[PDB]
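S.K.: Residue numbers (PDB author numbering), protein chains in the order written: chain C, 1 to 168, 173 to 320; chain D, 1 to 168, 173 to 320; chain E, 1 to 168, 173 to 320; chain K, 6 to 70, 79 to 144; chain L, 6 to 70, 79 to 144; chain H, 6 to 70, 79 to 144; chain J, 6 to 70, 79 to 144.
Just so it is clear, CB atoms sit at the ideal spot from N, CA and C, and this is done for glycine as well.
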Amino acid sequence: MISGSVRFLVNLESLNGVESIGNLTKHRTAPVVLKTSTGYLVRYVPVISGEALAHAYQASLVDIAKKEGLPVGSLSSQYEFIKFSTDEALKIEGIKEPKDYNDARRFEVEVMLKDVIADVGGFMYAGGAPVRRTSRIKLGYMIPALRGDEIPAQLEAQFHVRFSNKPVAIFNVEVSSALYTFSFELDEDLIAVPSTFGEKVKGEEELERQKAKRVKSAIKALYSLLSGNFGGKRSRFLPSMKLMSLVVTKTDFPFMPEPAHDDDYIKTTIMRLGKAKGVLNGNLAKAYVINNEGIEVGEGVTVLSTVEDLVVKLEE
Amino acid sequence: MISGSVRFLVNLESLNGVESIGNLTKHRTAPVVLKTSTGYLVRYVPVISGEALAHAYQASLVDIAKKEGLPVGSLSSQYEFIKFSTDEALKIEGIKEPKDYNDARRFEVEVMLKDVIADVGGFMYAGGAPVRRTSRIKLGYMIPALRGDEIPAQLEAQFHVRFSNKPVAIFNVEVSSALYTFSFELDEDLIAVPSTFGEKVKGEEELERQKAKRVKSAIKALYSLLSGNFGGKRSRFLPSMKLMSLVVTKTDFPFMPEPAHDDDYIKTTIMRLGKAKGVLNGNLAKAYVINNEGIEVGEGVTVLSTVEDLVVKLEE
Amino acid sequence: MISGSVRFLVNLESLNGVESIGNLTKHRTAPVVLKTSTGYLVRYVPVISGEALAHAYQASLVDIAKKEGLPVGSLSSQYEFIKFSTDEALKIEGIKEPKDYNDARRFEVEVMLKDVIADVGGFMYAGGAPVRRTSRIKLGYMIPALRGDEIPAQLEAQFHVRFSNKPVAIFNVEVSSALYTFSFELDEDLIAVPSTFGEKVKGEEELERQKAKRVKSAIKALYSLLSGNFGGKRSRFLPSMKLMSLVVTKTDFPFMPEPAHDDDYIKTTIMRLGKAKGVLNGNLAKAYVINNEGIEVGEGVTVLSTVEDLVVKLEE
Amino acid sequence: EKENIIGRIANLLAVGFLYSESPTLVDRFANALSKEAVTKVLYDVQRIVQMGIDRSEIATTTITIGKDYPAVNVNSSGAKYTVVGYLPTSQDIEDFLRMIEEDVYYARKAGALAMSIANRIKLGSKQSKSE
Amino acid sequence: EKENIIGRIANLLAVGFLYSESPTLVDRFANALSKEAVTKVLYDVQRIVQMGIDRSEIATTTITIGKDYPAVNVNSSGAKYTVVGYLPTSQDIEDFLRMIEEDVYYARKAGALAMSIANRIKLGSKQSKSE
Amino acid sequence: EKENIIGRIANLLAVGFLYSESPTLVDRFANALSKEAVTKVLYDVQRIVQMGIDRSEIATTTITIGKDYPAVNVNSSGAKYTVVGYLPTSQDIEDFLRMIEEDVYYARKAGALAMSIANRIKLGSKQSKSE
Amino acid sequence: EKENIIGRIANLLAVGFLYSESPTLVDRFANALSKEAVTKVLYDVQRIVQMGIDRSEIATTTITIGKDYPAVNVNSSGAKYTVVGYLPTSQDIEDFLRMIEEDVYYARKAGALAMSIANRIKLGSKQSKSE
DNA sequence: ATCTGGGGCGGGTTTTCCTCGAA
């Protein structure tokens, strides 16, 4: 697996939205329980949903996959990730619906040979013989650092006008600025591997032939999310992002690093990783760290310079 | 794709307002999350909207397009940019509305021939068969540099009078000074190319013929923003702009340089450019640097003298 | 589009004021972001309003217009530049209100003939059918140059007592002295040209006939600001002045000279004009200079000795 | 003691407002986001009060509201106003500036109190003129 | 005395709503979950009332409903409204803010009363215009 | 006069229900156990009626049922309804709120009447469409 | 120690103001934008204090405010004033000039303190004459 | 340090979709 935590610093953006009321746009906000010096409080804070990141990652994956020659579906050729869920998608793509449970593996392999996205991003088909394939990448909402007593965030509204020569044309847009942090998970040991239980069916040899390329492309795709390329309303409200701190870990066993809330989550997560290996008897456990805010790190750990070097080393 | 970051210095200025309270005109201000030795702070600072620069860019584009013989719309002939939002604009321009989804492409091409602005700036038509076209240039607010422990910006009010001989006439105007910065993006590999999916329709040959002229005009248009010709209330509050540092980059793959917050942002983007090319398998990456404040630059990158040279180089 | 910049030297002056506190008249002061060998600092410095120069220029324009056959409005015949904003001025001058947008153009032409000032300086009318006309002259504050690490400006209070033989008379006035600079602009390609768009109406022929006379008057007017005649409280505080450097340029495309912040700012603007004549297709670019301080100039620049020569040449 | 300091600063702001007939200093004080803006208003309002003292248009007095209370009489444009309470001491200004260096909220609290004092006095003065 | 304070705050909110023709401040007040939101509305509504006072469009009066009751006359967009009761004192604002620091429920109570006052006055004014 | 007030409140609730096609406000009114819940519904229903008035989808009229009776025409989703009677005055709302402060039973009585008016009108409208 | 130096400079400015009956030197000090203006005022105020010392119109004393505090008695135009505190030493002037060479803000701080001392003393002296 | 002025007006959002299946 590859698991990581990242800390961002965004100013004057409006990335995710929700239904509008009147002539005012709405920025997604959620409740959070925070620990203070006097107890526990409930606050409301802006949040960027977890599916915008998924869409950005899958779009980057589609681009790179088409570039490097891996099979890509028809509907997913355009960026319409309905995937092979509804009968219309199957009819357009040209696949017969499964008959009984015994046909599930055939259907899964046939779908997985036609669309990299349906492989490295999971999919679901609902019908007489339901078929599932859980995602190989996992993401969650992007919350600001719940540190101390003062949440470092702020949300305001702005006034805009559409000028005209024959008045007979006014709107308000929400804008935010926060210190965002989020965590991500991936597992390369399950790509190009049918999930359903059955008997080997022809074509899996080709699946085994392309496994290295598929894994390489999936690892490359993360650079989009890590570099700050996602969210809507980017035409006129291009944000000003910057990377403060990042921890990434490659292992052989389940492992989740500390959230990026507290000031010191690097030293704590490295110390935890040092012992988790012995606890669960693994064989590989490596940690990479990027530090721009000068927080406590530790000793005897990698210190990269950018995200490109991190992606290169993960590829190697 | 041409991306860039720019650092301006502005004194005794008011290029945007929001509303008025009593007899006082309000400048635009917004929150920002800032980092200092102690920690994270929330500050209110004057900003210039992102739709006060798109308007200037589109006006310069209209002027140049008319001067060079390219087509220009009817409403957009005057500096009104409703484009084709509502049925009235279509009726005045002289186009028919889309019938169903299948015909959508047709309509777009027609709209994309009459008016150049509707091509490089994108549009949206809302009807029984909606049509969309995202912009080809992206911009964001103009914030001052969040550097060090002291934001170098100031805001104040001033008192003004209207003379008269029969008293029976006093107004307060906000004025700001700042070290502004921002960034911009333009993708010339999609100009004069339909963005809707469908079968070929007649008239695309003219688009193919005019592609070169359209791209050249769009590239020339940026000189407006880069020179410092934008904003409102310029008649009696003409500001005093000055260019300090500028970095622009032409590539074949998605890429964004560092914001102009830190003194050392020229070096980091140049260093990251080559590694990004290597990881993403590019085939072209060039960078141009204009420097007058005397900060670290790097090596193996061109050094120009004036903005007018950069436009020529980009056109070449 | 006659543009240009100018530098002035003054001593022991008070050419503007703001709300007074107690018995001490307050000279206007504003904040400025200054660049030094170490970084960007904030300072407070005396300044002179931009509207005072506009008032002085308009007054001189009226004075020279009444010396010839050009018309002048009743309210503006006396130096009260209210133009036609309120309905009281309309009633006094005897012009019907604009009925609807279809009539709007009419109104403008009708207003544009009675008063030359309302034409050259633009105006506004607010009502059921608002009408606008942007000014054909633009100006900004008169700041001291930010050259070097030291602002060459000083301010200080003074003391004055009124004699009296029966005491039962003391006041203080601020005085400043600084090396001032400022840039101006005037676009003669639109004088006496209606701005509102619509079907032509009677009387435009008369407008066309006098276009040359109006342009000549507007060009002649600038001698008022170039010489130095402006500002209040000159009856006892008469400030010594001595021109130091000037640059004036005539073109056919948008262009703005370099603010007078450097010992060598003529060379940069000359080079930029030479390089920009080609970037935007143009057919005219002329520059002039009146140098009396022995700064770098360059070559291929017409040199004069008095502002009268510059005014005559521009008239030619 | 913090509330007493804030109340005395509010009395100073209310006296300065009633004497100058201008809300501008109270507006600046209640909108302050820095110690600079607060300190500038504390000087400018005291400079206005100093002129009123020198002109004998601002004076300290006692008023019976049956015990005597400290008050400040203000004469402005032929109107007479009376603010009940003390003006701040130099120590109150210094302790208030220390409170502002910890939290600029106290400037908003003093501004809200000052505007309440001034509004109540202006309302009462207009009512007596109408009667 | 708590009910009298809440009633005077409700009168202030109703006067500000009728003068501005905007429910936005009353909506913000009735939905407040913090002392910050309540205090911001208390400033903004008083700032609106201050403009109406300076324009002489908001004035205190007495009305016979056979004893004289205190009232506030409001002129807005050629409509005339009369709110019966007193506006809050500075002490009422301070005591109300202390009640809010204990329980934000009192902001909802004042908002509900303010909207009731404004609705009754708007209904009566529309009926007289229809007759 | 209490029954006339309750009947006019029931007409307001019935008009709001027929226009919004939602029983939620009538449900809230008939289940109210406090003056807060009643007053909130009285605002929200009048706010719905105000939108219908501004859209000209709610209008007062007279209908001959051989004398003319006051009525309210309601247009909703292409359906036309007519409620016979007057809408409440501001004084009726105030007197009704005083009745609620004594006994919340009157909200249940008005809710039961409002639902009866709405049900009879909806039944008649469905029968005419079936014929 | 920086605050003690500023306080002693403020006492010198207040003594010079009370003795000369002129605010001009304090105005020049608080408006200074250069070390030249500050140094010129520091000389001119000490030259005024030197004349008061030679005339025995300025003298150091102790006053019980129940411990003895250092003070400066000033006699001017038949008025008696007492400033509580020490005058600056030669080292305080030198250290204050070094503070001004770093930041002219300290001249504004000393001027604000000096005017506060003088205003409080002038107010107390006028009140005792009225009684 | 004595006065007098303390803002006016047009605009205050349009569309597309409102859950699929196995138990």
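Quick check on residue 321 of chain D: does DSSP put it in helix, strand or coil?
M.R.: The first residue shown for chain D is 1 and the last is 320, placing residue 321 of chain D beyond what the model contains.
S.K.: Residues of chain K with CB closer than 7 Å to the CB of L:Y48, please, in chain order.
M.R.: Counting from one through the fifth sequence, the residue named residue 48 of chain L turns up at place 43. Result: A125.
S.K.: For the beta strand (DSSP E) containing J:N88, list its first residue and its last residue.
M.R.: Locating residue 88 of chain J in the seventh sequence gives position 75, counting from the first residue. Taken as a continuous stretch (DSSP letters only), the beta strand (DSSP E) holding J:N88 covers 81-89.
S.K.: Quick one: Cα of D:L288 to Cα of D:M142, how far?
M.R.: Here residue 288 of chain D corresponds to residue number 284 of the second sequence, with the count starting at 1. Here residue 142 of chain D corresponds to residue number 142 of the second sequence, with the count starting at 1. Taking the straight line from one Cα to the other gives about 29 Å.
S.K.: Of the residues C:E203, C:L194, C:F201, C:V131, which one's Cα is nearest the Cα of C:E212?
M.R.: In the first sequence, the residue the question calls residue 212 of chain C occupies position 208. Comparing Cα positions, the closest option is C:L194.
S.K.: Identify, in the order they occur along the chain, each residue of the same chain with its Cβ nearer than 6 Å to the Cβ of E:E192, setting aside the five sequence neighbours on each side.
M.R.: Position 188 of the third sequence, counted from the start, is the residue given in the question as residue 192 of chain E. Hits under 6 Å: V219.
S.K.: Give a yes or no on whether the minimum CB-CB distance between D:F201 and chain C is below 8 Å.
M.R.: Here residue 201 of chain D refers to the residue found at position 197 of the second sequence. It does; some Cβ of chain C falls within 8 Å.
S.K.: For the region 2-22 of chain E, list every residue whose C-beta sits within 9 Å of some C-beta in chain K, in sequence order.
M.R.: Hits within the stretch, in order: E19, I21, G22.
S.K.: According to the Cβ coordinates, are C:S164 and C:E108 closer than 8 Å?
M.R.: Working through the first sequence from its first residue, we reach residue 164 of chain C at position 164. Working through the first sequence from its first residue, we reach residue 108 of chain C at position 108. Their beta carbons are not under 8 Å apart, which means C:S164 does not touch C:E108 by this criterion.
S.K.: Using the three-state DSSP reduction, which class does C:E178 fall into: helix, strand or coil?
M.R.: The residue given as residue 178 of chain C occupies position 174 in the first sequence. Looking at C:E178 - three-state DSSP - the assignment turns out to be strand.
S.K.: How would you call E:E262, buried or exposed, if buried means at least 16 neighbouring beta carbons within 10 angstroms?
M.R.: Position 258 of the third sequence holds residue 262 of chain E. It is buried - the Cβ of E:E262 has at least 16 other Cβ atoms within 10 Å.
S.K.: Does any residue of chain K bring its CB to less than 8 Å from the CB of L:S103?
M.R.: As a working mapping, residue 103 of chain L is identified with position 90 in the fifth sequence. Answer yes: the Cβ-Cβ gap between L:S103 and chain K drops below 8 Å somewhere.
S.K.: State yes or no: is the C-beta of E:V42 within less than 8 Å of the C-beta of D:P152?
M.R.: Against the third sequence, residue 42 of chain E aligns to sequence position 42. Against the second sequence, residue 152 of chain D aligns to sequence position 152. Against a cut-off of 8 Å, the Cβ pair of D:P152 and E:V42 comes out as a contact.
S.K.: So, using beta-carbon positions, are D:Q78 and E:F201 closer together than 8 Å?
M.R.: Looking up residue 78 of chain D in the second sequence gives position 78. Looking up residue 201 of chain E in the third sequence gives position 197. Cβ atoms of D:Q78 and E:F201: closer than 8 Å.
S.K.: With 8 Å set as the bound, which would you pick, yes or no: does the beta-carbon of L:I130 sit closer than that to a beta-carbon of chain K?
M.R.: To locate residue 130 of chain L, count along the fifth sequence from 1; it is residue 117. Answer no: the Cβ-Cβ gap between L:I130 and chain K never drops below 8 Å.
S.K.: On the DSSP bridge list, what partners appear for C:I2?
M.R.: As a first step, residue 2 of chain C is located in the first sequence; it is residue number 2 there, counting from the start. DSSP, once it has assigned bridges, lists C:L190, C:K254 as partnering C:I2.
S.K.: Taking the runs of the alpha helix (DSSP H) that are 4 residues or longer, which of them lie wholly in the region 48-78 of chain D?
M.R.: DSSP runs (the alpha helix (DSSP H)) wholly in the region 48-78 of chain D: 51-68.
S.K.: Considering only the beta carbon of each residue, do J:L18 and J:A92 sit closer than 8 Å?
M.R.: As a position in the seventh sequence, residue 18 of chain J is number 13, starting the count at 1. As a position in the seventh sequence, residue 92 of chain J is number 79, starting the count at 1. Not closer than 8 Å, so no.
S.K.: I think C:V120 touches C:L61, with their Cβ atoms under 8 Å apart; what is that distance to the nearest whole Å?
M.R.: Position 120 of the first sequence, counted from the start, is the residue given in the question as residue 120 of chain C. Position 61 of the first sequence, counted from the start, is the residue given in the question as residue 61 of chain C. Their Cβ separation, rounded to whole angstroms, is 6 Å, which keeps C:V120 and C:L61 in contact under 8 Å.
S.K.: At the 8 Å Cβ level, is residue 73 of chain K part of the contact set with chain L, yes or no?
M.R.: Chain K lacks coordinates between 70 and 79, the interval that contains residue 73 of chain K.
S.K.: Compare the Cα-Cα distances from L:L30 to each of L:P83, L:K142, L:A123 and report the closest residue.
M.R.: The residue labelled residue 30 of chain L in the question sits at position 25 within the fifth sequence. For the residues L:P83, L:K142, L:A123, the minimum Cα distance to L:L30 belongs to L:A123.
S.K.: Of all the CB atoms in chain E, is at least one closer than 8 Å to the CB of J:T29?
M.R.: To locate residue 29 of chain J, count along the seventh sequence from 1; it is residue 24. By this cut-off, J:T29 is an interface position.
S.K.: Please say whether D:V10 and D:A182 have beta carbons closer to each other than 8 Å?
M.R.: The residue labelled residue 182 of chain D in the question sits at position 178 within the second sequence. The residue labelled residue 10 of chain D in the question sits at position 10 within the second sequence. The answer is yes: Cβ separation under 8 Å.
S.K.: Mind checking which residues open and close the alpha helix (DSSP H) that includes J:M112?
M.R.: Locating residue 112 of chain J in the seventh sequence gives position 99, where the first residue counts as 1. Note, J:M112: alpha helix (DSSP H), 103-115.
S.K.: For D:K217 and D:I223, I'd like the C-alpha separation in whole angstroms.
M.R.: Taking the first residue of the second sequence as position 1, residue 217 of chain D is located at position 213. Taking the first residue of the second sequence as position 1, residue 223 of chain D is located at position 219. Their backbone Cα atoms lie some 10 Å apart in a straight line.
S.K.: Could you give the residue range of the beta strand (DSSP E) that holds D:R213?
M.R.: Start at 1 with the first residue of the second sequence, and residue 213 of chain D comes out as number 209. Looking at the DSSP string, D:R213 is not in any beta strand (DSSP E); the run it does join, the alpha helix (DSSP H), is 208-225.
S.K.: Could you compute how far the alpha carbon of D:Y292 sits from the alpha carbon of D:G278?
M.R.: Taking the second sequence and counting its residues from 1, one reaches residue 292 of chain D at position 288. Taking the second sequence and counting its residues from 1, one reaches residue 278 of chain D at position 274. So the alpha carbons of these two residues sit roughly 14 Å apart.
S.K.: Can at least three beta-carbon pairs, one atom from the region 99-108 of chain D and one from the region 128-148 of chain D, be found at a separation below 8 Å?
M.R.: The answer is yes - the region 128-148 of chain D touches the region 99-108 of chain D, with three or more Cβ pairs under 8 Å.
S.K.: Using a Cβ-Cβ cut-off of 7 Å (strictly less than) and excluding sequence neighbours within five positions of E:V111, which residues of its own chain qualify?
M.R.: Along the third sequence, read from residue 1 onward, the residue named residue 111 of chain E stands at position 111. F84, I95, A118.
S.K.: Any residues in the region 227-246 of chain C with a beta carbon nearer than 9 Å to a beta carbon of chain D? Which ones, in chain order?
M.R.: Those residues of the region 227-246 of chain C that come within reach of chain D (Cβ to Cβ, closer than 9 Å) are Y227, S228, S231, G232, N233, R238, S239, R240, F241, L242, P243, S244, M245, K246.
S.K.: Please confirm whether any heavy atom of the ligand GDP lies closer than 7 Å to the CB of C:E210.
M.R.: Of the ligands one can find in the structure shown there are none, so the ligand GDP has no counterpart to examine.
S.K.: Pull the bridge partners of E:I21 from the DSSP assignment, please.
M.R.: Locating residue 21 of chain E in the third sequence gives position 21, where the first residue counts as 1. Answer by DSSP bridge pairing, in chain order: E:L24.
S.K.: What's the call for E:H160, buried or exposed, on a 16-neighbour Cβ count within 10 Å?
M.R.: As a first step, residue 160 of chain E is located in the third sequence; it is residue number 160 there, counting from the start. That one is exposed.
S.K.: Tell me which residues share the same chain as K:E8 and place their Cβ nearer than 7 Å to its Cβ, disregarding the 5 neighbours each side in the sequence.
M.R.: Within the fourth sequence, numbered from 1, the residue matching residue 8 of chain K stands at position 3. Cβ within range, chain order: n/a, list empty.
S.K.: By Cβ distance, which residues of its chain are closer than 7 Å to E:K66, with the 5 residues on each side in sequence left out?
M.R.: Sequence index remark: in the third sequence, residue 66 of chain E carries index 66 (1-based). Within the same chain, E:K66 has close Cβ partners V72.
S.K.: Please report the distance separating the alpha-carbon of K:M56 from that of K:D49.
M.R.: Position 51 of the fourth sequence, counted from the first residue, corresponds to residue 56 of chain K. Position 44 of the fourth sequence, counted from the first residue, corresponds to residue 49 of chain K. The straight-line gap from Cα to Cα measures roughly 11 Å.
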